[PDB]
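Chemist: Just dropping in an experimental structure and the matching sequence.
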Amino acid sequence: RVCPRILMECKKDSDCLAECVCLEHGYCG
């Protein structure tokens, strides 16, 4: 559940660092 709250763009879930995932807005959780 390690996914600090940051708003960066993302194309796919792997694009985000840590355990974060790419949410509907196209940004990491």
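Modeler: Thanks, I have it. Numbering: from 1, shown residues only.

Chemist: count of neighbours near the closest residue in space to residue 1 that isn't next to it in sequence?
Modeler: With Cβ to Cβ, 6 or more residues apart in numbering as the criterion, residue 1 has its nearest non-adjacent residue at 6.3 Å, and that residue is residue 19. Where C-beta positions appear, they are placed from N, C-alpha and C, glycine not excepted. Using other Cβ atoms under 10 Å, residue 19 has 9 neighbouring residues.

Chemist: And residue 19, how close does it get to residue 4?
Modeler: Distance of residue 19 to residue 4, computed by Cβ to Cβ, to the nearest Å: 10 Å.

Chemist: sorry, back to before: how about the residue nearest to residue 1, what does it touch?
Modeler: Contact partners of residue 19, counting by Cβ atoms under 8 Å, 6 or more residues apart in numbering, are 1, 2, 3.

Chemist: Can you tell me the SS state at it?
Modeler: Following DSSP: H, G, I helix; E, B strand; the rest coil, residue 19 is assigned to coil.

Chemist: repeat for the one 5 residues further on
Modeler: Three states are possible here, and by three-state DSSP the one that applies to residue 24 is coil.

Chemist: Noted, bye for now.
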